[PDB]
């Protein structure tokens, strides 16, 4: 279908949700691991406010390209979840693999060297990432647990200073 976000080229949220649910159903039947990354651009409001929406949108586009590079297996999916929030579904990926992929995405973003004055003068645009991995339990609608766990890890990453990967 026409299931991508125009600016970023990634999956849109609706497609993400449908795909995650389908992979959750499969992983529940198989008792296989499913990993998820939740990604949120650091200090994005201040970036957009300082540099304007054209620059902010182009930054999001470049970040999205960095994220897309994280996908390599046929079942991997990257999405724009919300305004400055991205997600990646990683079927069959074990936690150390998911962690290192998250570090890859984070470092690839920082290597864009998009100048920013937050958190201090002479900084770069960064992302925080939360990672979760589960063997599913419950039913098809229990897939929201995996999102919650990744959001918890992301909350931890943000509060611990941003530009980092949070786990569990």
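Positions refer to the first chain, counted from 1.
S.K.: Taking only the CA atoms, which stretch has the higher mean B-factor in the record, 36 to 44 or 23 to 31?
M.R.: In the deposited entry, the stretch with the higher C-alpha B-factor mean is 23 to 31.
S.K.: Mean C-alpha B-factor higher for 98 to 106, or for 63 to 71?
M.R.: So the stretch with the higher mean C-alpha B-factor is 63 to 71.
S.K.: Per the entry's values, where does residue 145 land by CA temperature factor relative to the rest of its chain, in the lowest, middle or highest third?
M.R.: Highest third - that is where residue 145 ends up once the chain's C-alpha B-factors are sorted.
S.K.: Check where residue 119 lands among this chain's C-alpha B-factors and tell me if it's the lowest, middle or highest third.
M.R.: Answer is highest: the recorded C-alpha B-factor places it there.
S.K.: Consider only the C-alpha atoms of the modelled residues in this chain, order them by B-factor as the entry records it, and name the third containing residue 129: lowest, middle or highest.
M.R.: As the PDB entry reports it, the C-alpha B-factor of residue 129 lands in the lowest third of its chain.
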